[PDB]
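**Q** This is the structure I have questions about; it appears just below.
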Amino acid sequence: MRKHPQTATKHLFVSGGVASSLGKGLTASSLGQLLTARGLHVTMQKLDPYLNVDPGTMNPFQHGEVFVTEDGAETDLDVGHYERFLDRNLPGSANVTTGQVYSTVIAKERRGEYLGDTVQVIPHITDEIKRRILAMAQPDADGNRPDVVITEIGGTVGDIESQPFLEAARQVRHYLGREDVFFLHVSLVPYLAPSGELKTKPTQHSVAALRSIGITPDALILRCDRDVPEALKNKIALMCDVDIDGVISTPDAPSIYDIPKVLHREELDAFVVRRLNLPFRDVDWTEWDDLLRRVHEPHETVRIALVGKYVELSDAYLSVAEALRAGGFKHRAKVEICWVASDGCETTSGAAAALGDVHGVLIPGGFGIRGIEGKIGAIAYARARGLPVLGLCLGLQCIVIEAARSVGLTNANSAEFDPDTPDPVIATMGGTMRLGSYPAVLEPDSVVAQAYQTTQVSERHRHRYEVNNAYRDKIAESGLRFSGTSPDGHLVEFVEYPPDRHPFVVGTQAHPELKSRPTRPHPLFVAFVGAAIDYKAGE
Amino acid sequence: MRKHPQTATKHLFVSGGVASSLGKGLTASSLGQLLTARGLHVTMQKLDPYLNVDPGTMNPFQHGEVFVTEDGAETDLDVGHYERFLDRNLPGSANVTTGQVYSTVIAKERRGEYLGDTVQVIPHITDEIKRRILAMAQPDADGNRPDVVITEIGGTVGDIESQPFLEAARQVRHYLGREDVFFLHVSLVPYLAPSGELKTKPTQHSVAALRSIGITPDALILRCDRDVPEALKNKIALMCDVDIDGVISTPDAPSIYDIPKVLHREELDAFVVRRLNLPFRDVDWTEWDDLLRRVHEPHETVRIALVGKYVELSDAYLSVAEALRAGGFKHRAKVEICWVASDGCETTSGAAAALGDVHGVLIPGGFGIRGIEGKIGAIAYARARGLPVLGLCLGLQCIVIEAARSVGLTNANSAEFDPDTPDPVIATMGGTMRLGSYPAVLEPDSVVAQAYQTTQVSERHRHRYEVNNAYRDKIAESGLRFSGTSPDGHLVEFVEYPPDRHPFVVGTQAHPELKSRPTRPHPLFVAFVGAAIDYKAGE
Amino acid sequence: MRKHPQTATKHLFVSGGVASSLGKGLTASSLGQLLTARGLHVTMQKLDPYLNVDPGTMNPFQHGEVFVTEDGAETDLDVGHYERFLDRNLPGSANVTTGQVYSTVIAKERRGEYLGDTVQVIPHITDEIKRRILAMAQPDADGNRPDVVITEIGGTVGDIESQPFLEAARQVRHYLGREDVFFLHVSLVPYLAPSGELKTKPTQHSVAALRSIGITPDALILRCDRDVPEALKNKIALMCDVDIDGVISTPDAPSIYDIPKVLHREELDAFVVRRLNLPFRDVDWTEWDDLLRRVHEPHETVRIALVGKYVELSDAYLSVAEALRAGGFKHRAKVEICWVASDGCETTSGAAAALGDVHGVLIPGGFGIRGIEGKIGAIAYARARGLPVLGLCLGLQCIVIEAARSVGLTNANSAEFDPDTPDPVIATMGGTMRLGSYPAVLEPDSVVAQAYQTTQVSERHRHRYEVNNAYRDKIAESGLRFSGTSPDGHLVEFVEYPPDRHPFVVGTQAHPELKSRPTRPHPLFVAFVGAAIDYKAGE
Ligand SMILES: O=P(O)(O)Oc1cc[n+]([C@@H]2O[C@H](COP(=O)(O)OP(=O)(O)OP(=O)(O)O)[C@@H](O)[C@H]2O)c(O)n1
Ligand SMILES: O=P(O)(O)Oc1cc[n+]([C@@H]2O[C@H](COP(=O)(O)OP(=O)(O)OP(=O)(O)O)[C@@H](O)[C@H]2O)c(O)n1
Ligand SMILES: O=P(O)(O)Oc1cc[n+]([C@@H]2O[C@H](COP(=O)(O)OP(=O)(O)OP(=O)(O)O)[C@@H](O)[C@H]2O)c(O)n1
Ligand SMILES: Nc1ncnc2c1ncn2[C@@H]1O[C@H](COP(=O)(O)OP(=O)(O)O)[C@@H](O)[C@H]1O
Ligand SMILES: Nc1ncnc2c1ncn2[C@@H]1O[C@H](COP(=O)(O)OP(=O)(O)O)[C@@H](O)[C@H]1O
Ligand SMILES: Nc1ncnc2c1ncn2[C@@H]1O[C@H](COP(=O)(O)OP(=O)(O)O)[C@@H](O)[C@H]1O
Ligand SMILES: [Mg+2]
Ligand SMILES: [Mg+2]
Ligand SMILES: [Mg+2]
Ligand SMILES: [Mg+2]
Ligand SMILES: [Mg+2]
Ligand SMILES: [Mg+2]
């Protein structure tokens, strides 16, 4: 029945071999999704081997965009997959890093809390990591105790930085025994075109490296570009001392939302459930089948330009792209993304050449960014051409700078991008970095309010520059409305043109793509995709 | 001739295998001695793998006593060997730790100094360590540039914590090339009594472990309890790909001062000089030959009790024992040390049984100590019996408490050892921890002044409790003189009885054993050993 | 009850760390003895990592003397411990070697039996080793199925040559599971005299090396020169993730026969029995208590000289020394062995200086031996002095050469030792190497027959030179009797002098020390020790 006896909290560790970017986090999220559908209270955590105390200092070329929690922690991208697939808000405790662990242990040492012992990588660092891992098992604020904790070990097996985390996982397996701890290992099977053969040797060496630290994998996720032959799975099972049930072929799916279907088809969830002896029920595919219908059988299609610097073949905008696809799903339209370099849009002819074929433009945020002249040039061209535009954070800032350059403020800029500008229409109110959720109030019957269908919202923020309040009345002559603000009205949070000036041009300082889920699309992307569809139909 | 052309600074790394306490630091110090006598400007450094930012938090049962520098840093015991053999004062920079390196790199990360890169154990931590190693090569404050830098890598090859230091050493060998970097490896040759054979396998495994991280030893120091046969040295040389000139048999010498002779006899210094291509001259053995005469051919002998808690077969008092032996050397007397437990001296009969055969008693300092009732009991017994006493730090505190209990203050104690005492004759003036060298003024013609033959001295301090100034006039009725003080007189630094009360009973808050050298004995220990000699002769 | 249900055959693997000669084989034999006394049918096996197909080609300086089985295989020394402690005869299958495994697999490859596969170290070599290991579990020729198979893995963990055998053991643990496979790891705890501390770090590194190949030890045998403190055992248990019940202190016992008492006192056998879930009964100590009474409480003492080349501090004569001690036990006399170099006995004065204080002389066999002039010189001196002499194999040959030089044959020798001798009294009958058991017939009422109390015996042989039948009638004039022969009389097997010529001087071509057991002493050593006792009493 739906009510089951109590059992100990199961730990499921996901580790990666050969390389990073194998979809280890996505596989963990998909397994969490399956286990949730089978009725278990899944909770998730990631361990990051890098020494940065948080990725805010990093550059999006390293690991993609940053993410933000409701308690306001700044975390890795994978927490975004966990949210999007579990449809949950996760604590800042869900992202441990070597930086945090070492700082914590050094601080404890300075206070003498180890009573004069020599502080060592074993036991003290591994003890701190094991404590942080087992803390996830404690009852939540409402007494709901997770049935499975899925922990993703970042990096690659054999990296110097992963040694403490894998040792902590080994000690957890020792403490809790094999009946409670399951190891999932993700590995790459490359295809060599010249000889036309899939090679299993990288997987064998990765599993040998994993065995060399005392971990035996329970199952293998063979990442590949094509479905692995059965003979190769048999060879891997034989060579690696892994149950032939546990070798799971995981070819590159056309979209990330097919991965749960691939894993269920291969019966990974059944294998995990049997091996951990969890109580279960069959997966109710109703919701995700509707989602996959919206994916694979859309009624129409629309092209959207994504304008940025990191667009040079990188997943620096993953959350934005997924929120775009969710918006398409709400309208049952396929959204095709045209990756447009910002610097080709600095000249009006270059902007026309890049954008002229698209049906909409998106200006995402960023940090350490440069060359926003191209972004604003794309805004100018798009407004003249009539394309809808959505500007996120820096997109809003570029919209406001465009409006400044529309009314008299030709040399206007952000103090970030021209510290000597005579018209700093964007300025520090380094100022307070706004992070996390803040409330905002919206103009009644604003386009933003028409989208959200409410006067009150909350959004995740990450920025420190603001619209300079000295220029509101000047730039309003552009026609721009400050259609949403902080509750006191002190801070501008949203801007838009009236529908008769342009059918849809909106910007927000927040990152609404971090509240979107594929089964709960965000209002603004639904609105933007609807406007793009209306443009395509009317054009 | 004495003047030679310029050459690059040579780096000599000393590493250990099989176990710690192999005399790796003493071997490094002896090699520094020999290279100094050959005329080279040797400087020395230690790398500590533990995460403690400094050993002040540790307990003397871990790695022996703590040491203190003139700039006031708190460092490992090995810096004491470096001082005692080079007769130099070393900067706090001479002791790096993993704690310091990680704290530094994490701090630099929080400040964004890596410009958005991912902070990694390689390159960033190894770069910080390599920077800290090469900083030793820079010209000193007077422009004197070291000819050789001898770096001791603490721990054992294969400890998880040593991995960054050995990688930094490997990178230094890569950067500077083999003509500048020399690796000396110290290893253990155990003797198995049942089969009567020395075993080389531990050495082979240690050298293989060292090779597995990219280091090839240039020489081997074979630590043993007996001289290694030549056949075994040949076997080791063959198996380890080491020049047969580089296998150095280093049996346990009767005293640490014979080690330079052992290494010279084996021509280790000649091998190092040839391999590094250093300019040299023959060793002038005059000074050290005189020292070894004072060591091995004394005119008389005296027995001194060392009373403490750590005395249970541990080198927690190494500096004190060596300062005692240096005092004996100044008088050409052998000082034999009887290691006496403090807790056997709590009862007067037990104190008599322990001490009755000795010619003097020494009360050294300590931290985390307990049971000073036994220490004070030993003081009481010794004073009644007429034995000379020297009290260091806690020894002075126990002397003052004994005097308190001599004049009316029977329940008197330190606030450290009885927080509820009605007479806290020792109290916090946690208060300011006095660390390092401080100046002091002495009573003219005091026994302390008679020893030092001056009215002004400076001594290294490590303590935070002080004599309570409220009780000076009360305890002076014991006959105790506050014969040395801070220049303002606010702090008591030395106490003594007049010679007619007891021929010599003196205590000092400082650690004079940290300024002693075997070739420059400290005045107070010369005085104490002279008093013990006078007792033995008169008794 | 004595009759128990059937259970699967348990595998107990014994492995060594740090070094060889740790008593790993003796510990395995003692555990086998305890388990036998608890009523289980123990069988034993050794795996030798070296490539020699059998140790016959080796030199006794490598691993001591060679051993011989009843089916005539030539095996390592440890098979001798297994026999002496189990009182059993073991098959030649009880000694696998890398040489045999590789030769077997290469031969199978040449015959195409792998059907075209690539022959690899994994699986094929490890499969052959695992097959040879599991073959021990098969029912014997009479259907008695062993309850525990104790396999000793030769070498040291981390040797290149041990990698296939430890991998085979790991695969056995995988196939049979943890309930059937138990790992015992023997490790060294060295004592460092200069700092007066036992060091556990070698054990930690050895266990880490063992874990790096996927083996977790169940118990640790800490070999040491002194009883390990309890705090160190606790530290080892904590650091190594080993049950605190499983750390077994095993100090160097005064005799090998005390080891079963040490292991039982530490409750190793109880730990093994509990962990393997074996059915058991209490150990009946009656027999071994009688043996230890004969060991520790003898009525008298006698000194015996052992004359050989390998006597320079090596266990090259272990079986002979143990048979000597068993002979002493039969008479309840302590036998003290004086290790005498052969080459000091070449001169009559040197022989007198070496032997004059002893009560008997033993001349053991050997191969690759030289300098038998010294051995024969010792025989000449001993005969003149009246000391009893026992000559084994080469001892008999030297006796016969002495007799040759007693009757006219001054230049007589073996063709082995002077190929140009004019009187080859010892000659090839390279000839047939006699190996293993052969029957012999004895002269009735010969001293040999008086000892054995029978006319028919069987003994283990290892030699290829024989007494030249052409010289029997010549050398009989010495007084020597060919008191035992092959059944056809063709081969001389024993020689003796009549009791009135010398009270006891006997030689045999065989190695009776390989049929001796401490609880079943061999007749000839009982006789020889009785003669030595009679000499001591009468002298
Ligand atoms: O992505 P996740 O989910 O696994 O999260 C991850 C992925 C990777 N890492 C670590 O960053 C460093 C470089 O990573 P990296 O794989 O990129 O190596 P590299 O030098 O850049 O070579 P490459 O060209 O292959 O990228 C390594 O120490 C990694 O262990 C962390 O902490 N979290
Ligand atoms: O002495 P130095 O000059 O080399 O300075 C030293 C000596 C040792 N260490 C480190 O402390 C830990 C335990 O040391 P440790 O040898 O004592 O092992 P253990 O567990 O206690 O076994 P054991 O019984 O043999 O002592 C290890 O991580 C070492 O790397 C450091 O940083 N500097
Ligand atoms: O005795 P067992 O029962 O373990 O049976 C043994 C002992 C040792 N071995 C192997 O012989 C080689 C040298 O042995 P070895 O320990 O003596 O090293 P080495 O070079 O001589 O240095 P060391 O001075 O310490 O002797 C190694 O390959 C060992 O793995 C074998 O096959 N059986
Ligand atoms: N099985 C897959 N099929 C298709 N695309 C994929 C798959 N797995 C991952 N991806 C994509 O590859 C990128 C990297 O995957 P990711 O989850 O982030 O691995 P990791 O966290 O270890 O770095 C993701 O943006 C994801 O969308
Ligand atoms: N070659 C030696 N002969 C005799 N005693 C020794 C020798 N080397 C070292 N010792 C002693 O053994 C102890 C260990 O030496 P130590 O300097 O601490 O080496 P490490 O840095 O590894 O800890 C010291 O107390 C030292 O006095
Ligand atoms: N625990 C012990 N106490 C005393 N003597 C011992 C002990 N163990 C072994 N020995 C002796 O040391 C020698 C080597 O032991 P051994 O069994 O042969 O180890 P291994 O086979 O691994 O080489 C043996 O001759 C044995 O008599
Ligand atoms: Mg990634
Ligand atoms: Mg990368
Ligand atoms: Mg040390
Ligand atoms: Mg230690
Ligand atoms: Mg052996
Ligand atoms: Mg050997």
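A note on labels: chains of the structure tokens are A, B, ... as shown, every chain counts residues from 1, and ligands are counted from 1 in their shown order.
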Using only C-alpha atoms, determine which residues of chain C fall within 10 Å of chain B; present them as an MDAnalysis selection string.

**A** chainID C and resid 17:23 156:159 188:197 199:206 208 223:225 252:256 312:315

**Q** Compile the contact shell of residue 399 (chain A) as a ChimeraX atom specification: residues with an atom at most 10 Å away, counting only C-alpha atoms, same-chain residues fewer than 4 positions apart removed.

**A** /A:363,375-376,379-380,389-395,403-405,480,495-496,505-508

**Q** Find the spatial neighbours of residue 322 (chain C), counting only C-alpha atoms, within a cut-off of 10 Å - ignore same-chain residues fewer than 4 positions away - and output them as a PDB file with N, CA, C and O atoms, in the first residue's frame.

**A**
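Dumped everything to selection.pdb:
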ATOM      1  N   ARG C  84      55.313 -30.754   9.471  1.00  0.00           N
ATOM      2  CA  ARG C  84      55.713 -30.889  10.867  1.00  0.00           C
ATOM      3  C   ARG C  84      54.594 -30.512  11.829  1.00  0.00           C
ATOM      4  O   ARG C  84      54.524 -31.062  12.933  1.00  0.00           O
ATOM      5  N   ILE C 256      59.535 -22.044  18.068  1.00  0.00           N
ATOM      6  CA  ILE C 256      58.410 -22.050  17.143  1.00  0.00           C
ATOM      7  C   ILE C 256      57.218 -22.805  17.709  1.00  0.00           C
ATOM      8  O   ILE C 256      56.080 -22.559  17.298  1.00  0.00           O
ATOM      9  N   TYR C 317      69.579 -24.960   7.409  1.00  0.00           N
ATOM     10  CA  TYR C 317      69.565 -26.300   7.979  1.00  0.00           C
ATOM     11  C   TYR C 317      68.369 -26.488   8.901  1.00  0.00           C
ATOM     12  O   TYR C 317      68.436 -27.254   9.864  1.00  0.00           O
ATOM     13  N   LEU C 318      67.262 -25.804   8.610  1.00  0.00           N
ATOM     14  CA  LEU C 318      66.167 -25.718   9.570  1.00  0.00           C
ATOM     15  C   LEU C 318      65.621 -27.096   9.919  1.00  0.00           C
ATOM     16  O   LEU C 318      65.382 -27.401  11.094  1.00  0.00           O
ATOM     17  N   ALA C 326      63.828 -32.326  18.237  1.00  0.00           N
ATOM     18  CA  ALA C 326      62.906 -33.424  18.505  1.00  0.00           C
ATOM     19  C   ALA C 326      63.625 -34.592  19.168  1.00  0.00           C
ATOM     20  O   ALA C 326      63.098 -35.214  20.100  1.00  0.00           O
ATOM     21  N   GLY C 327      64.830 -34.911  18.693  1.00  0.00           N
ATOM     22  CA  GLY C 327      65.624 -35.932  19.356  1.00  0.00           C
ATOM     23  C   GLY C 327      65.887 -35.591  20.809  1.00  0.00           C
ATOM     24  O   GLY C 327      65.764 -36.443  21.691  1.00  0.00           O
ATOM     25  N   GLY C 328      66.247 -34.337  21.077  1.00  0.00           N
ATOM     26  CA  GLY C 328      66.397 -33.906  22.457  1.00  0.00           C
ATOM     27  C   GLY C 328      65.120 -34.087  23.255  1.00  0.00           C
ATOM     28  O   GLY C 328      65.153 -34.510  24.412  1.00  0.00           O
ATOM     29  N   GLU C 513      65.542 -36.034   8.454  1.00  0.00           N
ATOM     30  CA  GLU C 513      64.947 -34.869   9.094  1.00  0.00           C
ATOM     31  C   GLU C 513      63.648 -34.443   8.421  1.00  0.00           C
ATOM     32  O   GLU C 513      62.900 -33.648   8.998  1.00  0.00           O
ATOM     33  N   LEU C 514      63.364 -34.943   7.219  1.00  0.00           N
ATOM     34  CA  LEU C 514      62.122 -34.628   6.525  1.00  0.00           C
ATOM     35  C   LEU C 514      60.995 -35.592   6.865  1.00  0.00           C
ATOM     36  O   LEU C 514      59.862 -35.374   6.424  1.00  0.00           O
ATOM     37  N   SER C 516      60.887 -36.554  10.309  1.00  0.00           N
ATOM     38  CA  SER C 516      60.707 -36.234  11.715  1.00  0.00           C
ATOM     39  C   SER C 516      59.537 -35.279  11.911  1.00  0.00           C
ATOM     40  O   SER C 516      59.233 -34.446  11.054  1.00  0.00           O
ATOM     41  N   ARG C 517      58.874 -35.415  13.051  1.00  0.00           N
ATOM     42  CA  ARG C 517      57.915 -34.437  13.536  1.00  0.00           C
ATOM     43  C   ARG C 517      58.164 -34.236  15.021  1.00  0.00           C
ATOM     44  O   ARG C 517      58.644 -35.151  15.699  1.00  0.00           O
ATOM     45  N   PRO C 518      57.850 -33.056  15.556  1.00  0.00           N
ATOM     46  CA  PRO C 518      58.122 -32.820  16.981  1.00  0.00           C
ATOM     47  C   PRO C 518      57.384 -33.779  17.892  1.00  0.00           C
ATOM     48  O   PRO C 518      57.858 -34.058  19.001  1.00  0.00           O
ATOM     49  N   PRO C 521      59.412 -38.126  16.965  1.00  0.00           N
ATOM     50  CA  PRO C 521      60.825 -37.949  16.619  1.00  0.00           C
ATOM     51  C   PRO C 521      61.361 -39.114  15.804  1.00  0.00           C
ATOM     52  O   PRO C 521      60.884 -40.247  15.900  1.00  0.00           O
TER      53      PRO C 521
END

**Q** Compile the contact shell of residue 216 (chain C) as JSON, numbers by chain: residues with an atom at most 9 Å away, counting only C-alpha atoms, same-chain residues fewer than 6 positions apart removed.

**A** {"A": [214], "C": [183, 207, 210, 241, 242]}

**Q** Skip residue 96 (chain C) itself and residues of its chain fewer than 3 positions away, then list as a ChimeraX atom specification all residues within 8 Å of it, counting only C-alpha atoms.

**A** /C:46-48,93,100-101,132

**Q** Export N, CA and C atoms of the chosen residues as a compact mmCIF listing (two decimals), in the first residue's frame?

**A**
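Final file, out.txt:
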# COMPACT_ATOMS: atom_id res chain seq x y z
N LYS C 46 50.73 -23.73 -0.76
CA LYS C 46 51.52 -22.52 -0.91
C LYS C 46 51.62 -22.12 -2.37
N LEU C 47 51.60 -20.81 -2.61
CA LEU C 47 51.81 -20.24 -3.94
C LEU C 47 53.12 -19.46 -3.91
N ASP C 48 54.04 -19.81 -4.81
CA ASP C 48 55.35 -19.17 -4.87
C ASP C 48 55.41 -18.23 -6.06
N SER C 93 50.94 -31.10 -5.60
CA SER C 93 50.02 -30.03 -5.95
C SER C 93 50.02 -28.92 -4.90
N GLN C 100 55.31 -22.70 -13.18
CA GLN C 100 54.41 -23.75 -13.61
C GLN C 100 53.20 -23.18 -14.33
N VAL C 101 52.63 -22.09 -13.80
CA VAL C 101 51.42 -21.54 -14.39
C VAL C 101 51.69 -21.01 -15.79
N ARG C 132 43.77 -24.02 -9.95
CA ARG C 132 44.68 -24.76 -9.09
C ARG C 132 44.37 -24.55 -7.62

**Q** Using only C-alpha atoms, which residues sit within 8 Å of region 176-179 of chain B once same-chain residues fewer than 2 positions away are excluded, as a PyMOL selection string?

**A** chain B and resi 172-174+181-182+275-277

**Q** Could you dump the residues just selected with C-alpha atoms as a compact mmCIF listing (two decimals), in the first residue's frame?

**A**
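Writing the result to again07.txt gives the following:
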# COMPACT_ATOMS: atom_id res chain seq x y z
CA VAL B 172 61.19 22.43 -9.13
CA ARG B 173 63.39 19.68 -10.55
CA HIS B 174 61.69 20.22 -13.92
CA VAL B 181 68.14 19.81 -7.72
CA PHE B 182 69.33 16.83 -5.67
CA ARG B 275 76.96 15.88 -8.03
CA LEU B 276 75.81 19.49 -7.56
CA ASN B 277 79.12 20.84 -8.95

**Q** Set the distance at 12 Å and use only C-alpha atoms: which residues neighbour residue 94 (chain B) once local chain neighbours fewer than 4 positions away are removed? I'd like the list as JSON, numbers by chain.

**A** {"B": [43, 44, 45, 46, 47, 48, 68, 69, 70, 71, 73, 74, 75, 76, 77, 78, 79, 80, 82, 83, 89, 90, 132, 133, 134, 135, 136, 137, 149, 150, 151, 152]}

**Q** As a ChimeraX atom specification, please: every residue in region 1-249 of chain B that a backbone DSSP assignment puts in strand (DSSP E).

**A** /B:10-16,42-48,67-68,74-75,95-97,148-153,181-188,191-192,197-198,219-224,247-249

**Q** Using only C-alpha atoms and all ligand atoms, which residue out of C:535, C:417, C:61, C:525 lies closest to ligand 12?

**A** C:61

**Q** What residues in region 146-373 of chain B get the DSSP label helix (DSSP H, G or I)? Please answer as a ChimeraX atom specification.

**A** /B:160-176,201-211,230-240,244-246,256-265,268-276,286-296,318-331,342-345,348-355,372-373

**Q** Please dump the current selection as a short mmCIF file (atom, residue, chain, number, x, y, z; two decimals), in the first residue's frame; keep C-alpha atoms.

**A**
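Done, and the output landed in out36.cif:
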data_model
loop_
_atom_site.label_atom_id
_atom_site.label_comp_id
_atom_site.auth_asym_id
_atom_site.auth_seq_id
_atom_site.Cartn_x
_atom_site.Cartn_y
_atom_site.Cartn_z
CA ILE B 160 48.15 11.39 1.27
CA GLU B 161 49.15 14.73 2.79
CA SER B 162 52.62 14.80 1.21
CA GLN B 163 51.31 14.62 -2.35
CA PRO B 164 51.30 18.39 -3.07
CA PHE B 165 54.76 18.95 -1.60
CA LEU B 166 56.35 16.15 -3.60
CA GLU B 167 54.65 17.38 -6.77
CA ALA B 168 56.05 20.84 -6.08
CA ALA B 169 59.51 19.33 -5.61
CA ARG B 170 59.12 17.48 -8.91
CA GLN B 171 58.14 20.72 -10.64
CA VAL B 172 61.19 22.43 -9.13
CA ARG B 173 63.39 19.68 -10.55
CA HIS B 174 61.69 20.22 -13.92
CA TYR B 175 62.10 24.01 -13.87
CA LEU B 176 65.71 24.13 -12.64
CA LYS B 201 62.51 -4.97 0.79
CA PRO B 202 61.04 -2.00 2.72
CA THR B 203 63.66 0.22 1.09
CA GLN B 204 62.88 -1.18 -2.36
CA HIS B 205 59.18 -0.54 -1.86
CA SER B 206 59.82 2.99 -0.62
CA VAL B 207 62.04 3.83 -3.59
CA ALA B 208 59.40 2.39 -5.91
CA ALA B 209 56.76 4.54 -4.22
CA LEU B 210 58.99 7.57 -4.74
CA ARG B 211 59.51 6.69 -8.40
CA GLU B 230 78.54 -4.35 1.68
CA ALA B 231 76.60 -7.06 -0.16
CA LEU B 232 73.32 -5.49 0.95
CA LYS B 233 74.41 -2.04 -0.19
CA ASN B 234 75.28 -3.53 -3.58
CA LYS B 235 71.89 -5.25 -3.76
CA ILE B 236 70.09 -2.01 -2.88
CA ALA B 237 72.10 -0.03 -5.43
CA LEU B 238 71.31 -2.57 -8.14
CA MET B 239 67.59 -2.85 -7.39
CA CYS B 240 67.04 0.90 -6.87
CA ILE B 244 76.79 2.59 -5.44
CA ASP B 245 78.52 5.74 -4.20
CA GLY B 246 75.09 6.93 -3.09
CA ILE B 256 73.65 12.95 17.69
CA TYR B 257 76.91 14.91 17.45
CA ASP B 258 78.72 11.91 15.95
CA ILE B 259 76.48 12.03 12.87
CA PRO B 260 78.61 14.59 10.98
CA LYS B 261 81.57 12.25 11.44
CA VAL B 262 79.54 9.28 10.17
CA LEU B 263 78.40 11.16 7.08
CA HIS B 264 81.89 12.52 6.39
CA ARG B 265 83.44 9.06 6.81
CA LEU B 268 78.16 11.83 1.61
CA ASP B 269 79.22 15.47 1.55
CA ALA B 270 81.79 14.74 -1.15
CA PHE B 271 79.15 12.94 -3.21
CA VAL B 272 76.69 15.82 -2.87
CA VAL B 273 79.35 18.41 -3.71
CA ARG B 274 80.49 16.52 -6.81
CA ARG B 275 76.96 15.88 -8.03
CA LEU B 276 75.81 19.49 -7.56
CA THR B 286 89.00 21.77 14.75
CA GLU B 287 85.84 23.02 16.46
CA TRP B 288 83.76 19.86 16.17
CA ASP B 289 86.71 17.71 17.23
CA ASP B 290 86.87 19.74 20.43
CA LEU B 291 83.13 19.30 20.91
CA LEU B 292 83.40 15.54 20.44
CA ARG B 293 86.26 15.41 22.94
CA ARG B 294 83.97 17.10 25.46
CA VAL B 295 81.28 14.55 24.54
CA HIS B 296 83.19 11.27 24.61
CA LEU B 318 64.77 17.09 23.51
CA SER B 319 65.92 20.71 23.75
CA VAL B 320 66.14 20.54 27.55
CA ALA B 321 68.21 17.35 27.46
CA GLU B 322 70.54 18.82 24.84
CA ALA B 323 70.94 22.07 26.79
CA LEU B 324 71.77 19.97 29.85
CA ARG B 325 74.38 18.06 27.86
CA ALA B 326 75.82 21.33 26.53
CA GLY B 327 76.10 22.56 30.10
CA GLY B 328 77.96 19.37 30.92
CA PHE B 329 80.21 19.98 27.93
CA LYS B 330 81.21 23.43 29.17
CA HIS B 331 82.48 21.77 32.37
CA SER B 342 55.94 13.50 38.25
CA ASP B 343 53.15 11.41 39.77
CA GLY B 344 55.54 9.18 41.72
CA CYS B 345 56.75 12.31 43.54
CA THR B 348 57.14 12.45 50.13
CA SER B 349 58.18 8.80 50.38
CA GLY B 350 57.66 8.33 46.65
CA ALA B 351 59.63 11.50 45.92
CA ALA B 352 62.45 10.25 48.14
CA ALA B 353 62.44 6.86 46.42
CA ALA B 354 62.56 8.46 42.97
CA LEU B 355 65.03 11.29 43.59
CA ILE B 372 51.68 19.69 39.38
CA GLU B 373 51.10 18.56 42.96
#

**Q** Would you mind listing, for every residue of chain A within 12 Å of ligand 10, the two atoms forming the shortest contact and the distance between them in Å to one decimal, using only C-alpha atoms and all ligand atoms, sorted by chain and ascending residue number, as a tab-separated table?

**A**
residue	atom	partner	partner_atom_place_in_ligand_line	distance
A:117	CA	ligand 10	1 (Mg)	10.5
A:118	CA	ligand 10	1 (Mg)	9.1
A:120	CA	ligand 10	1 (Mg)	11.8

**Q** From the set A:442, A:337, A:369, A:467, which residue has the shortest atom-to-atom contact distance to residue 455 (chain A), counting only C-alpha atoms?

**A**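 Ranked by minimum distance to residue 455 (chain A), first place goes to A:442.
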